[PDB]
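Participant: One structure coming up, written as structure tokens, with questions to follow.
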């Protein structure tokens, strides 16, 4: 059993998706701004 | 409880971390490729 469970899961699964998208964006940002 | 739980989780937590790292890496590769 988890403590937060709902409060955590409610904003966990969807977070992973958003995080991935943002992560990739960061990579491009750095590259595009190399020189 | 569930069948795996411990085992499954043992190979689920460290995955999220690796995913994030890889995600950012991909983004960079794309950017540096265009520039």
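Chains as they are written, first to last, in PDB author numbering: chain A, 154 to 188; chain B, 154 to 188.
By construction, the Cβ of each residue, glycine as well, lies at the ideal position given by its N, Cα and C atoms.
(1) Residue 168 of chain A CB to nearest chain B CB: under 8 Å?
(2) Which two residues bound the contiguous alpha helix (DSSP H) that contains residue 183 of chain B?
(3) Our contact map puts residue 180 of chain B next to residue 159 of chain A with C-beta atoms below 8 Å; I'd like the distance itself, whole angstroms only.
(4) Any C-beta of chain B sitting closer than 8 Å to the C-beta of residue 162 of chain A?
(5) Can you give me the C-alpha to C-alpha distance between residue 157 of chain A and residue 178 of chain B, rounded to a whole angstrom?
Facilitator: Put simply:
(1) Interface criterion not met: the Cβ of residue 168 of chain A is under 8 Å from no Cβ in chain B.
(2) DSSP places residue 183 of chain B in the uninterrupted alpha helix (DSSP H) bounded by 166–187.
(3) At roughly 32 Å, the Cβ-Cβ gap does not stay under 8 Å, so residue 180 of chain B and residue 159 of chain A are not in contact.
(4) Not an interface residue.
(5) Within the model, the alpha-carbon separation for residue 157 of chain A versus residue 178 of chain B is close to 32 Å.
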